[PDB]
């Protein structure tokens, strides 16, 4: 899979994270990210995708060792952690044909797993609009505990 890069943007209180909502297959909420171009450095891809999806430029804020990286179905996704962005920042996508909306979410209210369907004795997981964000939530909470406490 082609690797993806993007960001976890947090506000000044460290309570809230910025998610984006796409269209079609990408209808759920997720962290801003996208696929790396040929010869593009990870930091440059993260900044480009985030600026395309949110209109906010992270380039001056990225720290090289501060990221969460997950390999899901043999595709690597790396999100740089960007704290301290004011909640009153005006975010606006460049790609308004791919982004429906952009919102802050309380980290403590976000799920870190989807719910099963054990009440219905049925296998699998119930739909959840945060499906794509979910795998990052526990690692993020653990990362914020180690870094800040």
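Positions refer to the first chain, counted from 1.
- Stretches 34 to 42 and 101 to 109 differ in mean C-alpha B factor, with the higher average recorded for 34 to 42.
- Judged by mean Cα B factor in the deposited record, 110 to 118 ranks above the other of 56 to 64 and 110 to 118.
- For residue 25, the recorded CA temperature factor ranks within the highest third of the chain's modelled residues.
- Looking at the C-alpha B-factors along this chain, the one for residue 2 belongs to the highest third.
- Residue 86 sits in the middle third of its chain by CA B factor, as recorded in the PDB entry.
- Ranked against the other modelled residues of its chain, the C-alpha B-factor of residue 77 as given in the entry falls in the middle third.
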